[PDB]
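Participant: no letters, just coordinates:
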DNA sequence: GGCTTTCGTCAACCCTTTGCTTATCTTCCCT
DNA sequence: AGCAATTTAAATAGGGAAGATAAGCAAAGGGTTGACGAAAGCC
RNA sequence: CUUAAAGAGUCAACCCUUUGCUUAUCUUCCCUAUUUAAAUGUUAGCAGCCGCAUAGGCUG
């Protein structure tokens, strides 16, 4: 027995489009799983999965180059060079209207759940982008599978993410089978021995290289199983769909 | 089909003694068919009550005297003692046929309101009907899924007062037979 | 000529008044060709001796169409007076004679 | 067939179908006026009665004739009909078993080769390839067949009886009709209380099982009423094809039940086939 | 003893110019 | 002061012409977006 | 606590000029719109004269 809260038409601008070194565009499912665990921390409603779809999404720039951001002189000790233009590190920006659907388990009324999600989203930040606007979130429940599809079709219109898996690698199949690659998680390289320059000193830290899976965009109504669009934190330091690989 | 299912249901009801049952059937014409079977085999209108609550204008032509068919709505019957506690001595013709029927061959929607209603006192008459009478639901597979859910709710409510549920469906799915048994068991 | 008109036969109605086409008249001017092969009746002066009604062209496939006599005259082949008059009649009829 | 405009499409194709066979076409759906509908019922019950040879006098059996009845699921519920053969548009497996029960219902002679020809697809495949069996079937948005081909989801040659419905299979419900049926039946009529379920406890106190679980949940359904030959709303009587109609009963009183979706346009009531989209 | 400023150090390309998908709809039935 | 009738049929066919061309110029810019290493005053 | 955290792309403008799409066309034959019938619904609410009446009565 499943419960969901849907925030439709989440207009967000200033999204850090740099998903990884080789992916620029839509934020991956690690971003929205991070947003889900962020509310698990601030609001206390513990979130299993998030199904996110893109209503609108434009990467700022041309069709072959992204619009770089005019950097500001914010480091310490480079005064005197501040009159000249700051050097640009690559961070593409994008705008996106999203539709989010969080699997939550809740025991109180739907009004306080909607208010808690609204108070989170008013202080949230989708992929480094300020949430410009969002409709009032609404609670829908998936008692059975037809009710699961009711929740699924309540995200209309949006293009959700379905996992199609890695056959050999990322570049090969992106040309061959023409699917989109995105960060489904990370791979740990080395333990980090210096916790002085970090957010926490006690949380263990690892250098990571983003693993990618290959995904497709399908409209949420054309997705047969809603579990193939709900991304959640898998126990391989990755994220994964509940329904597995989309067929 | 064709083996006399409703006659076998009446036989099973009469094996335990005298009959008090509500034959709830889908369609008006299937209730008419079961009423005609009940009339021509052995049951008069002092025990049977065919209830179709729409007053359809489908009349039999050709010969009124040479018909020997077209089971009608009279119910000479016997008024039960429960009519004195209903509003304004139950009602006129229809609710007297509902409550006081020993055998109530009816369309099913006069029985599924026993489980409860939105607005008004329309629950009480099928509730008090199904309290003291058995329930016989024939070909429950032709109903909808929510219709079968509220029919098994009616089965649970009928079993709540010790009455006997006869389900008569050849193409039963284990799921259906199981959930109807679990409703009867609760 | 009509197609989708919900009316079987129209008539040329110049401002309502019944009239006949100028091409009908001009075809009847040039119905002077009595100089083809099976010359029994005058036919309309055409580059092929063609009539829509009879479904045949009286000067096709037998080297007396206007184009072969025009090529011939141009080159030097002396055109017989009747052939010459036919070529001149097609010239005053008009038409594209190139290809 | 499945729905009403499907029935009039099959009828209008068969009426315009040039063949040496003497096809005599009836329409047997539910959208009909009080008089007309009742007349169809009594006639059909007295011509398809095959326990005796009394029907030889209700039809012209002298001349070799194909008496064809194009019907919606109103024939597979509560009808004591006996056809020589049936052609079924697939919507659900219990429809297959019930329309098998309308063939050789009264006789005991076994068929030799084949007495039922199941269509390859429902007609909603050409209108909605995503979902086609939801009309008069247990396919839905939560329970979608992976393939809609009935070679994939049904046996090519099969003895149709109640056995496939009696057995009960939950596995492989996305590529077989019977397991799709059983799946839905255990996933809606489950041993839980939910809110629209069957063990309902705690909610009987509330109005929830009577609002979200509505008995005879249908569409809006307004009723266009024929009063003495004159229709009420946007009806516009029309003329049928008069090619192969065997029996056509006329109607003057009564009412037709039109969904509010089809109220927008004219239902175009006709004496032969009741409601359609034209 | 770092520490913060400014000047000197070290380089060198082969590019290509839209789809990705493509929207949440009625049979029974009786009141 | 509303009443305005019903069915029946709406044409078969033959044609939709090819031959010519479809300019040549000249433009289409760069201006900022550099981090380590190394002298070298300076707390 | 989401490759989290952060960032002003600004500016500027002369698309010019030129032009022959002409040429000739048979739409055409054919033919039954036929037959009915109450306009009823009181179908009119008037003309003088008795009077202060545009109150009320009388006359045919």
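Facilitator: Right, received. Where do you want to start? Numbers count the residues shown, from 1 in each chain, chains lettered A, B, ... in the order given.
Participant: any residue of stretch D:249-269 touching chain B?
Facilitator: Yes - residues of stretch D:249-269 are located near chain B by C-beta under 8 Å from any C-beta of the partner chain, namely D:253, D:254. In short, each C-beta sits where N, CA and C put it, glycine included.
Participant: report the buried residues of that stretch.
Facilitator: For stretch D:249-269, the neighbour count (16 or more other C-beta atoms under 10 Å in any protein chain shown) marks D:249, D:251, D:254, D:256, D:257, D:258, D:259, D:262, D:266, D:267, D:268, D:269 as buried.
Participant: centre of the chain to it, how far?
Facilitator: 18 Å (C-alpha atoms, centre = their mean, to the nearest Å).
Participant: and it, anywhere near DNA strand E?
Facilitator: Yes - using C-beta under 7 Å from any atom of the strand, stretch D:249-269 reaches DNA strand E at D:257, D:259, D:261, D:262.
Participant: which among the residues you listed gets closest to DNA strand F?
Facilitator: Closest approach between the residues of stretch D:249-269 next to DNA strand E and DNA strand F, by C-beta to the nearest atom of the strand: residue D:262, at 23.8 Å.
Participant: can you map out the helices along the stretch 1-150 of chain D?
Facilitator: D:4-15, D:34-47, D:93-100, D:150-153 (DSSP state H, counting those that start in this stretch).
Participant: I'd like the ones you listed written out as a markdown table, with mean neighbour count added.
Facilitator: Below are the helices of the stretch 1-150 of chain D laid out as a markdown table (neighbours: other C-beta atoms under 10 Å in any protein chain shown):
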| stretch | mean neighbour count |
| --- | --- |
| helix D:4-15 | 20 |
| helix D:34-47 | 18 |
| helix D:93-100 | 23 |
| helix D:150-153 | 15 |
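Participant: in a markdown table: the ones you listed, plus distance to chain B.
Facilitator: Converted to a markdown table, the helices of the stretch 1-150 of chain D look like this (distance: least, C-beta to the nearest C-beta, whole Å):
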| stretch | distance to chain B |
| --- | --- |
| helix D:4-15 | 18 |
| helix D:34-47 | 5 |
| helix D:93-100 | 5 |
| helix D:150-153 | 17 |
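Participant: closest to residue C:91 out of these?
Facilitator: Closest to residue C:91 of the helices of the stretch 1-150 of chain D is helix D:4-15 (C-beta to C-beta; 60.0 Å).
Participant: contacts only, for the residue of chain B most remote from its centre.
Facilitator: Taking C-alpha atoms, centre = their mean, the residue of chain B most remote from its mean C-alpha position is residue B:62, at 30.6 Å. By C-beta atoms under 8 Å, 6 or more residues apart in numbering or on different chains, no residues touch residue B:62.
Participant: roughly how far is stretch A:82-101 from the heart of the chain?
Facilitator: 16 Å.
Participant: report whether that stretch contacts DNA strand E.
Facilitator: No - counting by C-beta under 7 Å from any atom of the strand, DNA strand E has no neighbours in stretch A:82-101; the shortest distance is 8.8 Å.
Participant: how about the residues of chain D by DNA strand E?
Facilitator: D:2-5, D:29-31, D:72-74, D:77-78, D:124, D:127-128, D:135-136, D:216, D:218-219, D:221, D:257, D:259, D:261-262.
Participant: kindly recompute the last result at 6 Å.
Facilitator: Listed as neighbours of DNA strand E in chain D under the rule C-beta under 6 Å from any atom of the strand: D:2-4, D:29-30, D:72-74, D:77, D:135-136, D:216, D:218-219, D:259, D:261.
Participant: filter those residues down to the buried ones and express that as a ChimeraX selection.
Facilitator: Restricted to buried positions by 16+ other C-beta under 10 Å, the ChimeraX selection for the residues of chain D next to DNA strand E reads:
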select /D:2,3,4,29,30,72,73,74,135,136,259
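Participant: let me know the secondary structure of the residue in chain B that DNA strand F sits nearest to.
Facilitator: Residue nearest to DNA strand F within chain B (C-beta to the nearest atom of the strand): residue B:57, separated by 24.3 Å. Three-state assignment for residue B:57 (DSSP: H, G, I helix; E, B strand; the rest coil): coil.
Participant: tell me which stretches of chain B form strands.
Facilitator: Using DSSP state E, the strands found in chain B span residues B:21-25, B:48-51, B:103-107, B:134-138, B:165-168.
Participant: my error: substitute chain A in the last question.
Facilitator: A:2-16, A:47-59, A:93-104, A:125-126, A:129-133, A:138-142, A:159-163, A:180-191, A:206-219, A:231-234, A:238-241.
Participant: ok, and does the longest one reach over to RNA strand G?
Facilitator: Yes - under the criterion of C-beta under 6 Å from any atom of the strand, strand A:2-16 makes contact with RNA strand G via residue A:16.
Participant: which helix or which strand is home to residue C:69?
Facilitator: According to DSSP states H and E, residue C:69 maps onto helix C:66-75.
Participant: just checking, next helix/strand downstream of that helix?
Facilitator: Downstream of helix C:66-75, the first helix or strand assigned by DSSP H and E is helix C:81-93.
Participant: what's next to that following helix, contact-wise?
Facilitator: Under the criterion C-beta under 8 Å, 6+ apart, residues C:30, C:32-33, C:35, C:45-47, C:64, C:66, C:69-70, C:73, C:79, C:97 lie in contact with helix C:81-93.
Participant: which of those residues lies closest to chain D?
Facilitator: Closest to chain D out of the contacts of helix C:81-93 is residue C:46 (44.2 Å), distances taken as C-beta to the nearest C-beta.
Participant: the helix holding residue C:69: which residues count as buried?
Facilitator: Neighbour counts using 16+ other C-beta under 10 Å place C:66, C:69, C:70 of helix C:66-75 among the buried residues.
Participant: check which helices and strands it sits against.
Facilitator: If you count contacts as 3 or more C-beta pairs under 8 Å, 6 or more residues apart in numbering or on different chains; DSSP states H and E, helix C:66-75 packs onto helix C:81-93.
Participant: what residues does chain A put near RNA strand G?
Facilitator: Chain A has residues A:16, A:18, A:20-21, A:27-28, A:30-31, A:34-35, A:37-38, A:41, A:69-72, A:74, A:85-86, A:91, A:124-128, A:183, A:199, A:210 near RNA strand G, with proximity defined as C-beta under 6 Å from any atom of the strand.
Participant: quick one on the thing from earlier: which member of the contacts of helix C:81-93 is positioned nearest chain A?
Facilitator: When the contacts of helix C:81-93 are ranked by distance to chain A (C-beta to the nearest C-beta), residue C:97 comes first, at 54.8 Å.
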